[PDB]
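Comments concern the structure below.
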Amino acid sequence: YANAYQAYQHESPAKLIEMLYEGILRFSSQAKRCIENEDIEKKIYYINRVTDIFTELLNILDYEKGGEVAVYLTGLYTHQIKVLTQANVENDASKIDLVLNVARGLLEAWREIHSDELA
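Under PDB author numbering, read the sequence shown as residues 3 to 12, 18 to 126, first letter to last.
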């Protein structure tokens, strides 16, 4: 799926990505809670934050240096937004699980590559 790369643009750039991926995990997880408890207001909050992140993640991708894996993430992220909008509109928690599983894999991989730095 993904290895041997720096696929983003712009003292430690890697930690920044971890924070964004953690934000997704966190808010997604909080958003799941909210679907279960039926707090709609709180859910729209927590989704829009996850969305804002993927949107950030999309804007700082390097198509030059990131190659095929930059192309793959553009796919991953824009899909992830669509999936998020669906989970929102149609109130599906299995769906937030899909996004969560996704950010976990990314984050695990990202930490694997920056093992010493992200300790």
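We put the beta carbon where it would ideally sit given N, CA and C, even for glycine.
Q. Which of helix, strand or coil does DSSP assign to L68?
A. strand
**Q.** Contacts around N95, its chain only, beta-carbon distance under 6 Å, and the 5 residues preceding and following it disregarded
**A.** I54
Q) Which residues in the same chain have their Cβ closer than 6 Å to the Cβ of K39, if we skip the five residues on either side of it in sequence? A) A100 and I103
Q.
Check whether the stretch 18 to 35 and the stretch 71 to 82 are in contact - that is, three or more C-beta pairs closer than 8 Å.
A. no
Q | Beta-carbon gap between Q11 and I67 smaller than 8 Å | A | yes
Q. How is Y7 classed by DSSP in three states: helix, strand or coil?
A. coil
(Q) Applying the 10 Å Cβ sphere with the 16-neighbour rule, what's the burial state of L23? (A) exposed
Q: Round the Cβ separation of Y3 and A110 to the nearest angstrom and send it over; I've been treating them as touching at under 8 Å.
A: Contact doesn't hold; Cβ gap of about 13 Å is too wide.
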